[PDB]
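Residues in the first sequence are numbered consecutively from 240, following the deposited numbering. Only one structure is covered here, and it is reproduced in the block below.
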Amino acid sequence: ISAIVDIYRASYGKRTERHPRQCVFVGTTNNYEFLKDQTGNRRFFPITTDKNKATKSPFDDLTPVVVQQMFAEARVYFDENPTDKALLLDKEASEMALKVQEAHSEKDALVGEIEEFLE
DNA sequence: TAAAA
């Protein structure tokens, strides 16, 4: 997920070439516990989506014009500061992100019994 | 075409 380049050989190529990462990943799920890592999940930012609270339906209200406008807005914001530092969350946003990632992360059970036994 | 798949 956190790889900036992909150094690999083409399907039938002769030598290994270098491709900068030109894609963004978005994942979809209905499980409430998808983060297997127990020592922090800073890569993945879970957004909980609620039906019947969607003001606009993504089936009939997202049209190429609307997504083009969204990407033009993103282009403006990125061109305000064209560096990777501008892509990080705000301090309070990152603070909430820690709690959200922990809440959606798998919990180890052995820790509880170890604590009880040591107590 | 063989490879590489």
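Every residue gets a Cβ at the ideal spot worked out from N, C-alpha and C, and that includes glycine.
Residue from the options whose Cα sits closest to the Cα of residue i
| i | options | result |
| --- | --- | --- |
| residue 258 | 269, 246, 266, 309 | 246 |
| residue 359 | 271, 251, 341 | Residue coverage of the chain in this structure runs from 240 to 358, which leaves residue 359 outside it and unanswerable. |
| residue 266 | 348, 287, 306, 349 | 287 |
Cβ-Cβ distance between residue i and residue j below 8 Å
| i | j | result |
| --- | --- | --- |
| residue 249 | residue 260 | no |
| residue 336 | residue 328 | yes |
Alpha-carbon to alpha-carbon, residue j and residue i
| i | j | result |
| --- | --- | --- |
| residue 313 | residue 269 | 28 Å |
| residue 264 | residue 353 | 37 Å |
| residue 303 | residue 356 | 59 Å |
| residue 262 | residue 346 | 31 Å |
| residue 326 | residue 293 | 26 Å |
| residue 300 | residue 289 | 17 Å |
| residue 339 | residue 240 | 19 Å |
| residue 343 | residue 253 | 44 Å |
| residue 323 | residue 271 | 30 Å |
Per-residue burial, residue i [other beta carbons within 10 Å of its own, 16 or more giving buried]
| i | result |
| --- | --- |
| residue 291 | exposed |
| residue 280 | buried |
Residues that residue i bridges to, as DSSP identifies them
| i | result |
| --- | --- |
| residue 255 | 248 |
| residue 344 | 274 |
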